[PDB]
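Working notes, beginning with the structure itself.
Protein chains: 4
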Amino acid sequence: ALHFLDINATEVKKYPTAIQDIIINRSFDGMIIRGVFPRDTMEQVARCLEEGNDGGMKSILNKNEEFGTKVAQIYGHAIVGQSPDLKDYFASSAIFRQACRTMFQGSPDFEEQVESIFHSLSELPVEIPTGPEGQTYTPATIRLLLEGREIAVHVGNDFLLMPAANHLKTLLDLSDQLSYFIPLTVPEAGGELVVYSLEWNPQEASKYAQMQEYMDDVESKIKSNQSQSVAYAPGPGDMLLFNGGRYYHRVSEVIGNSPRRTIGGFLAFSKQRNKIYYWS
Amino acid sequence: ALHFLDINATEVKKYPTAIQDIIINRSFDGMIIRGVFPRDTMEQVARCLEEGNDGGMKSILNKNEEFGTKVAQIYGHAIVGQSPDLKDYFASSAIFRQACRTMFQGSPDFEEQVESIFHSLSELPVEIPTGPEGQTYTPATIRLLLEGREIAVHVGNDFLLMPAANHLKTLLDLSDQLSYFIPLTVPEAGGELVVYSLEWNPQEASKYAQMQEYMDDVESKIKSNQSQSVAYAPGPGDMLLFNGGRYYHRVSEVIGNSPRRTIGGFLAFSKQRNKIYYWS
Amino acid sequence: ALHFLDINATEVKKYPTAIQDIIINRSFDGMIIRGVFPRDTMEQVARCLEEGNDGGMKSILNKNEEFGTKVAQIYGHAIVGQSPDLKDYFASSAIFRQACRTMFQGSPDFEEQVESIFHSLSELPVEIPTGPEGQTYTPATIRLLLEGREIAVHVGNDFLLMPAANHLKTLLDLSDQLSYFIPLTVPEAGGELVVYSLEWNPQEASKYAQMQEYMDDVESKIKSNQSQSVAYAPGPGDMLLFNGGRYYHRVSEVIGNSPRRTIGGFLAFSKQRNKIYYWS
Amino acid sequence: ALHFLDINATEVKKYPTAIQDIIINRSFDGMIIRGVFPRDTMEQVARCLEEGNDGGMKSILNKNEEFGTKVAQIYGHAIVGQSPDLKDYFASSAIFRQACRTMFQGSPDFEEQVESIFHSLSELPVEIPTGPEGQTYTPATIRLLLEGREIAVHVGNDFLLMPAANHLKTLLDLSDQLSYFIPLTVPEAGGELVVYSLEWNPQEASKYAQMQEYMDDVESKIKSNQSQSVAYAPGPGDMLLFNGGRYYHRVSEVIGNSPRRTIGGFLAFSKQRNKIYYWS
Ligand SMILES: O=C(O)CCC(=O)C(=O)O
Ligand SMILES: O=C(O)CCC(=O)C(=O)O
Ligand SMILES: O=C(O)CCC(=O)C(=O)O
Ligand SMILES: O=C(O)CCC(=O)C(=O)O
Ligand SMILES: [Fe+3]
Ligand SMILES: [Fe+3]
Ligand SMILES: [Fe+3]
Ligand SMILES: [Fe+3]
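Quick mapping for you: the protein sequence lines, in order, are chains E, S, V and G.
Each residue of the first sequence is one higher than the one before, starting from 61 at the first, in my numbering.
Each residue of the second sequence is one higher than the one before, starting from 61 at the first, in my numbering.
Each residue of the third sequence is one higher than the one before, starting from 61 at the first, in my numbering.
Each residue of the fourth sequence is one higher than the one before, starting from 61 at the first, in my numbering.
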């Protein structure tokens, strides 16, 4: 995958076509924007969580008990895997927006930082979606991978077929959706983003029990031997931004004591490609 | 290879046994210390070079058109591969030290920063080697990889068999030597450190033309269907520290316009293992 | 010339107006400061050179066989007669500053010593010029006159019309510049500083091919019966400091085996006469 | 005059024939031995005088004029121009020896230093003459030139025709006598030794009233135009040693406030050239 930019956050202005290029033109596949947040910012935010001085965010922590101890714990309600009503999603999302502003102590505030990055890369306005009759979506979600845990293979564009999506399908240009995330703490080893070469293909994916078996099965029947995969491990405060709507991806198993705290969501164009919408 | 720590530079204090461990105990193979330098420092240093406002360092740049256009250009003379006199090495090394101190505007000074990091990791004293007749070795070297170029496969401990080494072998405990480097600028793609599992020794290394096709053997050497490799790409200000004395390694071909500027050298114990020596 | 003080370096404090006096008021013409350096220091420094234990200085020795065996060899690059770039000047100056500190083993360090003398004589601060893009100028230069050789007539203030001067002219008050030098070894005979009574006169000097013929030609057309000259021969560690910017001068042919080794440079005021600048 | 050595006191050992050479072979004319005494010693000795903490030497100071303000004040009796009895000479000579040993505080003792120097230069024993009836001669004499004063022209070898000499003529090999002196303090300008090229010539000297009009008168009658003279100015602790017995010589008029304090005497071979005698 030509998932390549590894850009200094500073020179982000040099790519005012970058989002349009990944989604629509598909000329490249993702970016690594280095230093979107100060490593200091990330360590104090990551410390708030670890103790409890967190603007009230322990109160939306959804350790995912009965999915086994092999998928990620997660602060705030992730819109993926929600009842199509969105009762509790719109609810936790307000808590998240507030508890987050607190923790970042405006040095620099999470939401505005991310917005200017997305702004500079698209040159369109950036908004978090307003719900049907005024609720707020959440701009992002903090994922917690404890040692041993991992996030399994999945694709962005399956969300377009999910009933919870039904509101946003009315707001969004139904292009590819992008993923983005910024690490608060990194693990000692592993726990790296792995993007597969293979594109969005629901028809053939569904015929497998667990979707990793689809990735494996492909990697046998394709035996050229380039590699089908490419893996990154962005450090604290480095943003990773990519066409996760299109490409199958995952996170490696976390090695060693220290967990992988990591905040982010998704990102896409809107109906008539005017605003840039970013949610989770 | 358990080339694994990915530590935040801040908590470098928690590992005061770390260097002895990589070299002497071989209990693990390397570290990535995140944020040894402020991203801000790294880009202004990189701007100084790129412009010319460089404390006079342009006068020791060695573009190596002597070797075809696939090896790195390099500021200051790297001690590896010099006539045993070290005349032109000791000279350029004096220029390096001043121009380098200059460029960092003591915010924070290169020699001082790196020294405290190596200190915290050993709790031994850290010194730059003084030459036979009072000269100075250079503490490091700025390597410049232009688009298309690369660094070929090699091992640190071959230096121990080299003529230019003859001085230091009197100064060093002849254990493993470590490599270390800090990226000033990162490329768009590629140009990543790849460390191979294959260890240092003198025998069948001698039997070739030379050495990337020692990563001939390397792969149909092994396999079950292992990894002979591990690959890293540290961002601006992130230090990479590893037992490159022991394991064969290289740097990927740099892809894309912007070049891979990178400052660093090597690192080892001293005759009766008290102070820690670091040079380039 | 009232080139007269022959002061014991000790009582140098008694003349805190001295530099302002020679340069600006021109109330007297120069000093001989006896014992700025220990005779022990001068013999051990000169022995480091003579052998090779020189902190790496042999590598900036510029024998000038390109000019006939009529002018002096010289360690380090003298700023006079340089391309206006100062690329190789600034480079050697870095080397010089290092090898010099080394050789003096801080007993007492060259730069520190010299600075305190210049300090006491002006009561202004003393600095070595930092260059346009962060380089260092050389605080001094070691001159080597072998037996038979000599230094030809010249004036300090021509440097003001030289293109290599273009940087410092922005830094200096464009007063007269003074010379200073301290003998490491003295020759058996000859090799003495000869300062002529004649003042700086570029227009009329330029009409001569060899500038000595200007000194001769004047000394015929003037014949009163005083003397036009005054000549000195300071022993090891004796500093000679005088207005060589204003007056024509030279060094006699060296007689006898032992060469005339001598370290020194020039000395001047700064733009708005605060700081004292000294270089070579 | 080949009055040339300007040797470092250290390497005085390299010339074990030098005294025999100046006196007997007349192969050269004199030496300047740099650093016989520490500048530190010289100024603390000079401070003792200037104050009064002088081991009692004020009691042999002969402010001298009886003779017009033409010649120098002088501590102790100089043997030249004495009653042939030597009663008052031998008496002041005892005083001088004690106050002098005193003032030097054995750091290094005057007699002992000078003796080792004369020793290294002859490889003969060195002694101060014991008088006829057990008295001592003085090893040296401290001369004091105040501002404006000077020493008139003279030759060493007239002393041989003087009645005050009659004793030593039984002691000395009647070769040439050398003069020697070491400055304790130097004046601001002038007050330098001038040795003329002209040799010892009593018959023709005696015909002039003032011995300078013999020097002027000669320098007119064979007007070629090299120079007939040579002039020296040794700093504190530098010894000047030369065949002043043979050549007419003098001291410049002292310029400026600070006087020219200076200790020294003469030096010659002994009857059957074994021992080296030195007195004043
Ligand atoms: O590592 C994360 O925070 C999530 C990775 C992922 O699957 C995504 O890009 O949404
Ligand atoms: O990245 C660099 O600066 C050179 C890499 C290398 O060969 C080393 O670390 O020893
Ligand atoms: O003797 C020297 O070192 C140089 C003399 C000279 O020309 C100067 O005073 O600058
Ligand atoms: O400076 C002196 O001590 C006197 C010089 C002199 O005439 C002598 O050497 O005897
Ligand atoms: Fe995802
Ligand atoms: Fe290497
Ligand atoms: Fe000069
Ligand atoms: Fe005399």
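Just so you know, even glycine gets a beta-carbon here, dropped at the ideal spot from N, CA and C.
(Q) Could you check whether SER340 of chain S and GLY324 of chain S sit closer than 9 Å to each other, using their CB atoms as the reference points? (A) Position 264 of the second sequence, counted from the first residue, corresponds to residue 324 of chain S. Position 280 of the second sequence, counted from the first residue, corresponds to residue 340 of chain S. Yes.
Q: Classify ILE83 of chain E as helix, strand or coil using the three-state DSSP reduction.
A: In the first sequence, the residue the question calls residue 83 of chain E occupies position 23. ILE83 of chain E falls in the helix class under three-state DSSP.
Q | ligand 8 site residues, beta-carbon cut 7 Å against heavy atoms | A | G:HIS214, G:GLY216, G:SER239, G:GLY304 and G:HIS309
Q: For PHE150 of chain V, return the contacting residues in chain S, with the cut-off set at a CB-CB distance below 8 Å.
A: By 1-based counting over the third sequence, the position of residue 150 of chain V is 90. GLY116 and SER119, listed in chain order.
Q) Among all the DSSP beta bridges, which residues are the ones paired with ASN217 of chain G? A) Within the fourth sequence, the letter at position 157 stands for residue 217 of chain G. Note: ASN217 of chain G sits in no beta bridge, so no partner.
Q.
Please identify, using Cβ separations under 8 Å, the residues of the segment 179-211 of chain S that lie next to chain V, in order along the chain.
A. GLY191, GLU193, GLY194, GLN195 and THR196
Q. Tell me the DSSP bridge mates of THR196 of chain S?
A. Your numbering for residue 196 of chain S matches position 136 in the second sequence. Bridge partners of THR196 of chain S: S:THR190.
Q: Check the Cβ of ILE315 of chain E against every Cβ in chain S and list those closer than 8 Å, keeping chain order.
A: Residue 315 of chain E sits at position 255 when you count from the first residue of the first sequence. Those within 8 Å of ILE315 of chain E in chain S are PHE64.
Q: Put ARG333 of chain E into one of helix, strand or coil per three-state DSSP.
A: Your numbering for residue 333 of chain E matches position 273 in the first sequence. Coil.
(Q) If you reduce the DSSP assignment to three classes, tell me which class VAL311 of chain V lands in. (A) If you number the third sequence from 1, residue 311 of chain V lands on position 251. Residue state, collapsed to three classes: strand.
Q) At a cut of 8 Å, does the segment 292-310 of chain E reach the segment 73-92 of chain E through at least three beta carbon pairs? A) yes
Q) Under the three-state reduction of DSSP, which class applies to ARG321 of chain V: helix, strand or coil? A) Looking up residue 321 of chain V in the third sequence gives position 261. Correct three-state label for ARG321 of chain V: strand.
**Q.** Distance between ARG310 of chain S and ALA154 of chain E (C-alpha atoms, nearest Å)
**A.** As a working mapping, residue 154 of chain E is identified with position 94 in the first sequence. As a working mapping, residue 310 of chain S is identified with position 250 in the second sequence. When rounded, the distance between both Cα atoms is 49 Å.
Q | Run of the beta strand (DSSP E) containing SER289 of chain V, from where it starts to where it stops | A | Translated into the one-based positions of the third sequence, residue 289 of chain V becomes position 229. 289-292 is the span of the beta strand (DSSP E), which, as asked, contains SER289 of chain V.
Q | Beta-carbon neighbours of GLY95 of chain S, restricted to chain E and to distances below 8 Å | A | Position 35 of the second sequence holds residue 95 of chain S. Within chain E, the residues near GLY95 of chain S are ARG99, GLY295 and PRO296.
**Q.** Run of the alpha helix (DSSP H) containing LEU238 of chain S, from where it starts to where it stops
**A.** By one-based count along the second sequence, residue 238 of chain S stands at place 178. Here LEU238 of chain S belongs to no alpha helix (DSSP H); instead the beta strand (DSSP E) covers 238-243.
**Q.** Residues, ordered as in the chain, of the segment 259-292 of chain S that lie near chain E by beta-carbon distance below 9 Å
**A.** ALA291 and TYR292
(Q) Could you compute how far the alpha carbon of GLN142 of chain S sits from the alpha carbon of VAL72 of chain E? (A) Start at 1 with the first residue of the second sequence, and residue 142 of chain S comes out as number 82. Start at 1 with the first residue of the first sequence, and residue 72 of chain E comes out as number 12. Spanning the two alpha carbons is a distance of roughly 42 Å.
Q: Please go through the segment 118-163 of chain S and give each complete beta strand (DSSP E) segment of 3 or more residues, from N-terminal end onward.
A: 133-135
Q. Alpha carbon to alpha carbon, how far is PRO243 of chain V from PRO319 of chain V?
A. Locating residue 243 of chain V in the third sequence gives position 183, counting from the first residue. Locating residue 319 of chain V in the third sequence gives position 259, counting from the first residue. Using only the alpha carbons, I get a separation of about 11 Å.
Q | Element boundaries [beta strand (DSSP E), containing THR77 of chain E] | A | Position 17 of the first sequence, counted from the start, is the residue given in the question as residue 77 of chain E. No beta strand (DSSP E) contains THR77 of chain E, which DSSP labels as neither H nor E.
**Q.** Under 9 Å between C-beta atoms of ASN317 of chain S and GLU207 of chain S
**A.** Sequence index remark: in the second sequence, residue 317 of chain S carries index 257 (1-based). Sequence index remark: in the second sequence, residue 207 of chain S carries index 147 (1-based). Their beta carbons are under 9 Å apart, which means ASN317 of chain S touches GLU207 of chain S by this criterion.
Q: Express the C-alpha separation of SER180 of chain V and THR230 of chain V in angstroms, rounding to a whole number.
A: Looking up residue 230 of chain V in the third sequence gives position 170. Looking up residue 180 of chain V in the third sequence gives position 120. Whole-angstrom Cα-Cα distance: 25 Å.
Q) Is any heavy atom of ligand 1 found at a distance shorter than 8 Å from the C-beta of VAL246 of chain E? A) For this step, residue 246 of chain E is matched to residue 186 along the first sequence. Checking the Cβ of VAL246 of chain E against ligand 1 gives no.
Q.
Please identify the residue among G:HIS137, G:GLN80 and G:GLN158 whose C-alpha is closest to the C-alpha of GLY116 of chain G.
A. The residue you call residue 116 of chain G lines up with position 56 of the fourth sequence. Of the candidates G:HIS137, G:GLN80 and G:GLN158, the one whose C-alpha sits nearest the C-alpha of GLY116 of chain G is G:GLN158.
Q. Helix, strand or coil: how does DSSP classify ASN226 of chain V here?
A. What you label residue 226 of chain V is simply residue 166 of the third sequence in a count that begins at 1. Residue state, collapsed to three classes: helix.
Q | Cβ of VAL131 of chain G within 9 Å of any chain V Cβ | A | Taking the first residue of the fourth sequence as 1, we reach residue 131 of chain G at position 71. For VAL131 of chain G, the answer is no, since every Cβ of chain V falls outside 9 Å of its Cβ.
Q.
Restricting to Cα atoms, I'd like to know which of V:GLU126, V:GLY136, V:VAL314 and V:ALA61 is closest to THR198 of chain V.
A. The residue you call residue 198 of chain V lines up with position 138 of the third sequence. Closest by C-alpha distance to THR198 of chain V, out of V:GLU126, V:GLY136, V:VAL314 and V:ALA61, is V:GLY136.
Q | Counted within 10 angstroms of its Cβ, other Cβ atoms place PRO294 of chain V as buried (16 or more) or exposed | A | Position 234 of the third sequence, counted from the start, is the residue given in the question as residue 294 of chain V. Result: buried.
Q: Would you kindly work out how many angstroms separate the C-alpha atoms of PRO296 of chain G and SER266 of chain G, rounded to a whole number?
A: Taking the first residue of the fourth sequence as position 1, residue 296 of chain G is located at position 236. Taking the first residue of the fourth sequence as position 1, residue 266 of chain G is located at position 206. Roughly 36 Å separates the two Cα atoms.
Q) With a CB to CB cut of under 7 Å and the five nearest residues on each side skipped, what residues in its chain are close to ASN68 of chain E? A) Stepping through the first sequence from its first residue, residue 68 of chain E is reached at position 8. The answer, listed in chain order, is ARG94 and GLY95.
Q | Closer than 8 Å: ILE315 of chain G CB and nearest ligand 4 heavy atom | A | Along the fourth sequence, one-based indexing puts residue 315 of chain G at 255. No, Cβ of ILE315 of chain G sits at least 8 Å from all heavy atoms of ligand 4.
Q) Mapping DSSP to helix, strand and coil, what is residue 45 of chain G? A) With chain G covering only 61 through 340, there is no way to say anything about residue 45 of chain G.
Q) Are the segment 256-274 of chain V and the segment 210-224 of chain V in contact at 8 Å, needing three or more beta carbon pairs? A) yes
(Q) Quick check: what's the CA-CA separation for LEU146 of chain S versus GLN332 of chain S? (A) As a working note, residue 146 of chain S is residue 86 in the second sequence. As a working note, residue 332 of chain S is residue 272 in the second sequence. If you take the alpha carbons of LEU146 of chain S and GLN332 of chain S, they lie about 24 Å apart.
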